[PDB]
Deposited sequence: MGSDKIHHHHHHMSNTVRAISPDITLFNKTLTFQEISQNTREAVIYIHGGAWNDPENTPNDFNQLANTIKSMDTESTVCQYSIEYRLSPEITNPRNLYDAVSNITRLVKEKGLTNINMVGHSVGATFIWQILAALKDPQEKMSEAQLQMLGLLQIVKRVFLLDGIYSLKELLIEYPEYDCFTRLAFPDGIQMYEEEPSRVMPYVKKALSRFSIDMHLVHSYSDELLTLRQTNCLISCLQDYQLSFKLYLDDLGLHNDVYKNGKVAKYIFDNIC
C-alpha cells in the first residue's frame, strides 16, 4: 500500500523529491515529465509548480493515456551550471528505468526549458568524450518524443544584454562567467538540428505576451537561429499571464494535451 518513486539513499541529486501527478495504468501511452524553473536559485519553485496544469491535463485525459511526473534538482549558489541540469538528467534517467518509460514528453518553464534545450544540444560532444551525464543525456534523446519549452532562457549572453539586472542570479549559477554556458544557440544549433532529426523530436515553443520578466527577445533570437538552420518547430504565442502564471495556465494545459497525438 502507499500514498510513488522508490526512495534511494543517499539521494544527493534529489530523486526522492520527484512528484507523480498521474500514475501509469493499463491504458497509459505517453509520459509527461516536468522541469520547474526559478532562475537556478529560487526555493519557492518546486516540482509542485505544475500541480494545477497537470491536474487540468489529467481531467481532459479521460482515457488515462497520459502519465505525469515532475522532477527536482539542486539550486545555486551551492550547485552551479551544469550540475543543476545533471541532477535533473540523473533523476529523469532513474525515473525512466524505475517506471519503464518508453517514451517521454519534456515540459519545462524558464530555466527548466533551459535544461531541456541543453539536453537537445548533447551531440555537441562525440561518444568518445561524453561524460556519464552526457551519456545519460544521449539516453534521454533516444526516448524523447516532444518538448514544450515555456518562456525559456536560451541565450545567457542575450539575457545579460537585455537584463543587466539579472546578473544577480546568473552570477550564482555561472560563477566563472556566463561565457562558460556551452549551449548558446548560435554555437550549438548544428547539433540540435542533428538531434531533432536523428531522434524525431518535435519542438514546441511557448511564450506569454504578458510575461513581465521575459520579453519576446529570447524567443525571437531562438527562432531566428532555428530558421537559419532550417529546424522544424511549432510556436504558440498568447496572453498566458505573468511569468509564473504560465505553468499554471489552462490554455497551456490544453496546448500540451492537444499536441500529444
What's missing from the model if you number the deposited sequence from 1? 1-10, 14-15
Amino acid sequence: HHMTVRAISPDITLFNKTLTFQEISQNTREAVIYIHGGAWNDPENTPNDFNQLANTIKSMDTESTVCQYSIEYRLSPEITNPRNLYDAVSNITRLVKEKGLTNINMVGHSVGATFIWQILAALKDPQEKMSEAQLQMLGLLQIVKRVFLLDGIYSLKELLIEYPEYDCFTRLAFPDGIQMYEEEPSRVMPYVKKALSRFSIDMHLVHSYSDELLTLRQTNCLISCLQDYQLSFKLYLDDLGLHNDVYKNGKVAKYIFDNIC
From here on, numbers count along this sequence of modelled residues.
Between 140-148 and 97-105, point out the one with the higher average CA B-factor as the PDB entry records it. 97-105
Would the CA B-factor of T20 place it in the lowest, middle or highest third of its chain? middle
Among the modelled residues of this chain, does the Cα B factor of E72 put it in the lowest, middle or highest third? lowest
Among all modelled residues of this chain, ranked by Cα B factor, put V32 in the bottom, middle or top third, i.e. lowest, middle or highest. lowest
If you rank every modelled residue in this chain by C-alpha B factor, which third holds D245: lowest, middle or highest? middle
Taking the entry's C-alpha B-factors for this chain, is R83 in the lowest, middle or highest third? lowest
